[PDB]
Each structure stands twice: as structure tokens, then as C-alpha cells.
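Only one chain is included here, represented as C-alpha cells and corresponding to the form deposited in one PDB entry.
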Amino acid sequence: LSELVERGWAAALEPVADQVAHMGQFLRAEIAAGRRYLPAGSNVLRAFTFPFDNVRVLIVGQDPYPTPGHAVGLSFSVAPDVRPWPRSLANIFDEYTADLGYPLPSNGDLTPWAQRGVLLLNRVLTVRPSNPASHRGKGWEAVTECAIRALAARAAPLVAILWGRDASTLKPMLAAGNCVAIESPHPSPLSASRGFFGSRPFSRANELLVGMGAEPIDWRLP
């Protein structure tokens, strides 16, 4: 892993080295079968290329975007290029503006969040192109479970923003008093109107962080 991911993340993910390699073998066999995978191989583990020690907020999404160009190995982010935004990201940008009173971002690229210690983790790290949540139950779950347990274990505060019923089952792994869960319905249009709008997770996370003696997150995107 030492060559695929930042130093901290390589040590934290050591336990699932076997399983990362194994999911290597899965991507090879998908290309061989004529089904492909998003994101690019070089961006699958991309959420782990920013420092493990600097992570203070965990945003758990479920799967990479099914549309080529959307998925870039950071949950909810799209390529600077891409327009229009998937309605998921639009709904996240709605709430950002409502919560922080910033105007809408000029592109869909969330790397600045990654740079400031937001871990944009999908529970599953690949997807069959144009087929949503299609790589569930293949072996990613144990890899992203290992990442989360290792964040929760650190001598350091953590806010977990958990979007959707599925993301709420990760609460057991965050019971350690240094971790705090914010739960709401997923920003996907199917569920956005059931709780996500008005949920104020960006401002609440920073309140949480400051209460724990952590530096808050500059959420502002250009």
C-alpha cells in the first residue's frame, strides 16, 4: 500500500492489504469481462492520498457516480470539467448555501475539502459504468470499514457526517467518545426532502469540532 496511499493511511490500512490487492484482482477481471469500472484505477484509493492524521470530518457516501467523468475517487465530488452536476451534488450545494450563506461553487471539485481534512469516503470504491451501486458486496466494504475503525481509534477528535439509512449502520464503529455522528437522509433527490434540506451539517460539524478542541473546517469552495 505504501506506494498507493499516503504514509499514515498505508499503516492504518495494513490489516486489509490482502483485500486491497484482492480488489485489484476484481478490477482486472471486470476489464477482462468487458464490463469496466469507474473511477480510474489511479483514483480508486484517492481519498487515502491526503493525510490520515489531518482528517477531522468523515463524509460517508455509498458508491462512486455511475457516469464517466463524475467519479474521481472522492465521495460526491466530480471533475472540475463536468457540467451539469449530478442532482446529489446540486442538493449538497443547495444546503451549503442555505447553511453557510456562501453563493454556489464555480465547479463540482471537492478536493479543497480533502486538502483541509474532510475524508470523502464511499463505503464501496468502484462501480460498473452507467450502473448505479453495482459493485456492492464484492469486497470493498471490509476495506472502507477498516479505514473508518482506524480513524475512530486515533488520539484525535472526529465528526462523521452519515448520509442515508445505510450510512447510519456505521454508528457502532464511532461510539468511542472522541467520535460524533450527524445523521440525516441522503442528499439524493429520492430522499433530499425527507430531512437533508435544513440539516445544517457543515455549520454543526464545525460547532462539534470546536467543542472537542479541534480546528474547524473552511467549507468555502471557489
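So that the term is clear: the rigid core is the largest set of C-alpha atoms that superpose within 1.5 Å between two forms. Sequential numbering from 1, following the sequence displayed.
Another form, the form deposited in another entry, is not on view; read the next lines as being about it.
Annotation: the position in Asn54, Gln62, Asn43, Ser188 displaced by at least 2 Å at CA between this form and the one not shown, with the core superposed, corresponds to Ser188. If you fit the rigid core between this form and the one not shown, you'll see the Cα of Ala153 move by less than 2 angstroms.
Once both forms are overlaid on the rigid core, the distance between the two CA positions of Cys179 between this form and the one not shown is 2 angstroms or more. Note: the CA-CA distance for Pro187 and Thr97 expands in the other entry relative to this form, by 3 angstroms or more. Annotation: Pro185/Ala71 CA-CA distance longer in the other entry than in the displayed model, change of at least 3 Å.
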